[PDB]
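[1] Opening piece of the complex, as it sits:
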Amino acid sequence: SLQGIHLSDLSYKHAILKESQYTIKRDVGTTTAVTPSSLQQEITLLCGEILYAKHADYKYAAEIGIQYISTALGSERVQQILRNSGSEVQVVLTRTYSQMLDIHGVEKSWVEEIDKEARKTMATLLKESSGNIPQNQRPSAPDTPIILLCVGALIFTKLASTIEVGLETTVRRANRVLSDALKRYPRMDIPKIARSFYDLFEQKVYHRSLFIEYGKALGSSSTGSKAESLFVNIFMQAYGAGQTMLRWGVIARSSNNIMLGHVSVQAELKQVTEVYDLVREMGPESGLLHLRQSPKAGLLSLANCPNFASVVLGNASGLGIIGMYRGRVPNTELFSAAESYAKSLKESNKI
Amino acid sequence: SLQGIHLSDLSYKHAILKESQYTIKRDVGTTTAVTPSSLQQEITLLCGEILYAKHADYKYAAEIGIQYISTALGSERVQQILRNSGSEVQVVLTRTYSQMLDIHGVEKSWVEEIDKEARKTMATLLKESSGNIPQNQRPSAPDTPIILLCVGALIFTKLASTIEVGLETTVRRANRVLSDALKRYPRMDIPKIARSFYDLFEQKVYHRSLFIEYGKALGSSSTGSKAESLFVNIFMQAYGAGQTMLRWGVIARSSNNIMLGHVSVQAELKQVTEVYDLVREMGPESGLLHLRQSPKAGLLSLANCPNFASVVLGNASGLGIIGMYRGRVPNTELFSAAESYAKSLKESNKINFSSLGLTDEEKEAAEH
C-alpha cells in the first residue's frame, strides 16, 4: 500500500544541468599559443631539446608539449576545441625568426636557452662518441614530443590529488614506463617537466580538454607509434578519476561483504543505486568528468551514503587495496567489521 | 465494488496552471543593469576590490556579482532570460568613464569608494610586503567574481528561511568552504556581502532565475575553474528547497517506521501519493520551484496529510536529523511514537542474509 513514496532527486539534479540553452563565455580577454601543422618538425626538435640536455629552467616545457598537440590536431582546429570547451579564449599562431620558433606566452629568451644548452650538450657528447650519435639519441627523433607528453599523461592521471602526490607517482611510474626513453635521453628532468604540466593543467583549464581530445584522436588512429600506444594506455588508467569510491563499491559487492547487509547500510540502498544509475545516464563521459575539472562532476558523490562508504573502505582495507587513500570514514564501527570479514575472505579458498 | 469514488484533484490543480494561454507582464516600468561581455575584465577587477579591502559599505556588492553573471551569459542574452522569467523589466547596458564603470542603479560615488579604498589597502600592504604581492592575492585574480558569487550561492541555499538564519549558515560554511579564498582576501566581509545578496534576491526576484541560469550554464561546461566547480556544488545542496518534508518522507520509508502503518496515517496514503506523483509530473524543475519563489510552488505541501507529517518528523527526531526545523507537529501522539521506534532502530544492529544473497558456506562463516 505504502508505494509511491519516492523522489528521483539525483536524476532531476542532472536534468537541470542539460536545460541550459545559454552558454558561458569565460576567459573573455585570454590568449594562448597555437602552432600550425606546418611547424610540426620544428616543435618536434624543440621537444627533443628539452629531454636531451639538463636545463636550468623547465617552465614552458608543458606549453611546448601542447604546441605539438596543436600541430597534430590542426593548424586552426584547436581554436574550435577551446571555444567548445566553454572558454572564450583566443588563439595566437606561433611564428619563426632568425632559425627559431616564436611561441606566444613563451619568452624568446627561454626558447634560445633550451636550444643553446642542448647544442652545448650535443657538442660535448659528439667529442666523446667520436662523432657517432645514433638517430634514436638525438633531439631530432620523432617520438621525443610523445615522450614529453607521456610525462604529462602521468601527471594527468594524478590530477585528482596534490601537486605533490602526482610528482611521486609520475617519477615512480616514469622509471618503469619510460625506461627506454630515459636510456636515450638520461638528461630528462622528469620532476621539473611533470611540475610544468601540473602548473599548466591548473592555470590553462581549457588545455585539460585539449589533452583529452588529443588522447581521444590518438586512440582512434589505425597505426600508432610505440610511444603513442603508451600515451593512450597511461590516459586509460586515468579513466576512473575521482570516482575511486564507486569502483571500490563494485569490489565490495564482488567480495560479498556481509556488512553490505547491515540495516543502516540497507537504508542507503536507494541513494547508492541513484548514483550508479546516473553513471549509466551520463555514459562514457561520466568517468573523465573529474579529470576535465567539470562543474557537472560531484553529482557522483557518495556523501549521501556515509555508512555504505564506511563498508566499501573497510572491505578495501581488509583486501589490502586502500593504500594511501585519505577518504574520511564516517562509521568507524562498520569499517572495522567490513575489514575483518574481508581479511578472512582474503585468506579463504572456495569453489 | 465501491471503487469509482476517486478524484485526482491535485493533478487537476496543476493542470489548471498550464491552461493559461495568457501571460503576465509584471515589473512594467522597471530597469536593471546589464554588463556587456566585453567588460568582463573590468567587472572582475571590481569584484576583487570588494574582497581585497575592508569597505565602509557593501550595498551594491550583490549587483556587481550579477554584473559578472551578465558578462558570462551574454552582452544582451540576459534580457531574454529576464523577459522569459515573467518580468517585463528592461535592461540598461553599463558604460565606462574616467578609467571606471558606470553601472545602472549603482551610485557612481559607491564605485569610486570601493576602488579608492582598495587602492589605499594595496599601497599600505605593498610597503609591508616590500613591493611583493603575488597574483593570487591581488583584486585582479580571475576567480574573485566566482568567490563573490559563492557567498551569494550560500545565501541562495538558505533563501527558504529568515534573512537572519541564512547569514549564520553562510558565515559557518563560508569559513570551511571558502577557506583558501579567505587566506588570500582576509578583508572579505562575508556577513555584509551575504546581506547584499539576500536584499538583492528579495527585491529583484527575476535575478533568482538569472542566478539559476548561470548555475545551469556553468554546470554544463566541459572545463570549470576550481572556484566554479565549488559554486555549482553549493547550488546543488540547494536543490531540495522548501521540500525538506518530502525528502524526510522518503527517509521515514527507508527507516521502515512502523508508525507509517498506523490506521490514521494509512487513511492519508492517497493524498501523500498524489504529492510525490506531482513531483514526477513536474520533473526536474519541481525541486527548484520554492527557490525561484514561483507561485506554482506550494502545491507540494503536505498540509493535506497532518498525521503523515507527524510520523515523518517523529522519525527525523528519533534518528537525530530534525535539528532546528520549526515545522509544526499536528499529531503530538504519533510523533512521540515514531520517535521512540526510530531511536530504538538507530541503536539496533541487525543483518539481512536475505538481501546479500550469499552461498550457505559464506552465510556459514558470517555466523562465526
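    Right, received. Where do you want to start? Residues are numbered from 1 along each chain as shown, chains lettered A, B, ... in the order given.
[2] Up against chain B, what does the stretch 151-300 of chain A have?
    Proximity of the stretch 151-300 of chain A to chain B, by Cβ under 8 Å from any Cβ of the partner chain, involves residues A:205-206, A:208-209, A:256, A:258, A:260-264, A:266-268, A:270, A:292-299. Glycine gets a C-beta too; all of them are placed from N, C-alpha and C.
[3] Which of those residues fall within helices?
    Counting by DSSP state H, these place A:206, A:208, A:209, A:263, A:264, A:266, A:270 in helices.
[4] just to revisit the earlier point, please check the residues of the stretch 151-300 of chain A next to chain B and keep the buried ones.
    Applying 16 or more other Cβ atoms under 10 Å in any protein chain shown to those, the neighbour count classes A:205-206, A:208-209, A:256, A:258, A:260-264, A:266-268, A:270, A:292-299 as buried.
[5] Give me the distance between residue A:344 and residue A:319.
    Distance, residue A:344 to residue A:319, using Cβ to Cβ, to the nearest Å: 11 Å.
[6] ok, the two, which is more surrounded?
    residue A:319 (18 against 13; other Cβ atoms under 10 Å in any protein chain shown).
[7] how about that one, what does it touch?
    By Cβ atoms under 8 Å, 6 or more residues apart in numbering or on different chains, the residues touching residue A:319 are A:251, A:255, A:342, A:343, A:345, A:346.
[8] who touches stretch A:232-247?
    By Cβ under 8 Å, 6+ apart, stretch A:232-247 touches A:150, A:153-154, A:156-157, A:159-160, A:177, A:215, A:218-219, A:224, A:275-276, A:279, A:286-291, A:297, A:300, A:302, A:309, A:312, A:325, A:327.
[9] Repeat that for stretch A:179-189.
    Against stretch A:179-189 from outside (Cβ under 8 Å, 6+ apart): A:48, A:50-55, A:58, A:121, A:136-137, A:141, A:143-144, A:147, A:150-151, A:174-175, A:227.
[10] to the structure above, add RNA strand C:
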RNA sequence: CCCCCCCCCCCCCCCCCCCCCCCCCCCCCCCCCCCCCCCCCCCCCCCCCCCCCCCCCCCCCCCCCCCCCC
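    To build on what is shown above, here is RNA strand C added in:
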C-alpha cells in the same frame, strides 16, 4: 568418366424430363410522480551538508597449406 532393361494408346454400356401447392387473414397510440444547486476548515515555508585524495603501460608460445581413389 557417365551411361547400359522392357514398353504406343485405346477398345462396354447409357438421353433428359414427367407429383403436389398462390400468399395473406388477431390485437394494439404514446404519455401521465417528485425534485434548483449550494453551505465547514485550511498561506506556504522553517535542519544539515563543497567534492576530490590508493595502486597499476600493454605485450611476450607455437604453427604454410596441401598430399588417396574414381
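[11] number of nearby residues for residue A:97?
    Residue crowding around residue A:97 was assessed by other Cβ under 10 Å; the count is 9.
[12] Not counting its neighbours along the chain, what's nearest it?
    residue A:108 (7.8 Å; Cβ to Cβ, 6 or more residues apart in numbering or on different chains).
[13] That neighbour and residue A:96 touch, don't they?
    No. At 11.9 Å, residue A:108 does not count as touching residue A:96 under the criterion of Cβ atoms under 8 Å.
[14] Overlap of the contact sets of these two?
    residue A:102.
[15] and the residue nearest to residue A:97, what does it touch?
    A:97, A:100, A:102.
[16] before we move on, what about residue A:86?
    Residue A:86 makes contacts with A:23, A:24, A:26, A:206, B:220, B:221, B:222, B:223, B:224, as judged by Cβ under 8 Å, 6+ apart.
[17] Same question for residue A:268.
    A:304, A:305, A:306, A:307, A:308, B:254.
[18] need the contact list for residue A:142.
    Residue A:142 neighbours (Cβ under 8 Å, 6+ apart): A:44, A:225.
[19] could you redo the last one with a cut-off of 10 Å?
    Residue A:142 makes contacts with A:40, A:41, A:44, A:45, A:47, A:48, A:135, A:225, A:227, as judged by Cβ atoms under 10 Å, 6 or more residues apart in numbering or on different chains.
[20] Give me the phi and psi for it.
    Backbone dihedrals for residue A:142, given as degrees, to the nearest 10, come out at phi -60, psi -20.
[21] still on that earlier bit, I'd like the contacts of residue A:108 as JSON lines, with distance to RNA strand C appended.
    Shown next, in JSON lines, are those (distance: Cβ to the nearest atom of the strand, whole Å):
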{"residue": "A:97", "distance to RNA strand C": "38"}
{"residue": "A:100", "distance to RNA strand C": "34"}
{"residue": "A:102", "distance to RNA strand C": "35"}
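[22] I appreciate the help and will end here.
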